[PDB]
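Positions are given from 1, in the same order as the sequence printed here. In listed order, ligands and their atoms are each counted from 1.
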Amino acid sequence: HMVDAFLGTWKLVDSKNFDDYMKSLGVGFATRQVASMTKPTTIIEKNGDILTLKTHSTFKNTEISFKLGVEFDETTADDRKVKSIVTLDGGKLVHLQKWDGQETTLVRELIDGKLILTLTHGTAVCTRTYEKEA
Ligand SMILES: CCCCCCCCCCCCCCCC(=O)O
């Protein structure tokens, strides 16, 4: 399964344009100040057809579980209540969130052994680079 290469624990080492991405979502200044300065850990697990993606940080934790291709309800780290779907498109794990007539896509792919997360909302595009910890 293509998901096997994503499994494990990943730690943020680099970020580009995250503040702009949060601004585009309406995250307030005080939260952006802290969120831009944290280095989250993302844990990706799979048991049968169910994938679980956990994001851990010193001040906020999220967890979602899903089957690929099946829409699910998600409450995001910034408290948006969204409709989500995740597909594995070739080698790219593509997570689409929809709410209030808006969308944002979170694409994860493996480049040179690192996990690259690209977040797009409107024209705000952010790249988050994660190194494999375990
Ligand atoms: C995940 C770090 C703390 C997040 C605090 C809430 C404000 C920003 C949330 C924006 C949507 C989720 C972004 C995830 C980024 C990532 O996984 O590197």
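The aromatic rings of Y21 and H121 stand perpendicular to each other, their planes meeting at an angle above 60°, with 30° marking the opposite boundary.
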Note every protein N or O atom lying under 3.5 Å from an N or O atom of ligand 1, pairing the names and giving the distance.
from     : atom 1 : to   : atom 2 : distance (Å)
ligand 1 : 17 (O) : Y130 : OH     : 3.4
ligand 1 : 18 (O) : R128 : NE     : 2.8
ligand 1 : 18 (O) : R128 : NH2    : 3.1
ligand 1 : 18 (O) : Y130 : OH     : 2.6

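With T55 as reference, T42 is the one residue of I43, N61, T42 to meet the side-chain contact (heavy atoms from CB on, under 4.5 Å) rule.
Connectivity analysis of hydrophobic side chains (ILVMFWY, heavy atoms under 4.5 Å, direct or indirect) links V70 to nothing; its cluster partners are none. Other residues sharing the hydrophobic cluster of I111, ordered by chain and number and joined by side-chain separations under 4.5 Å: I116. Hydrophobic clustering, defined by side-chain heavy atoms of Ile, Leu, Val, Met, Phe, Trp and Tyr closer than 4.5 Å, groups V34 together with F59.
The environment of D4 atom CG is dense: over 12 non-hydrogen atoms of other residues, nucleotides or ligands sit within 6.0 angstrom.
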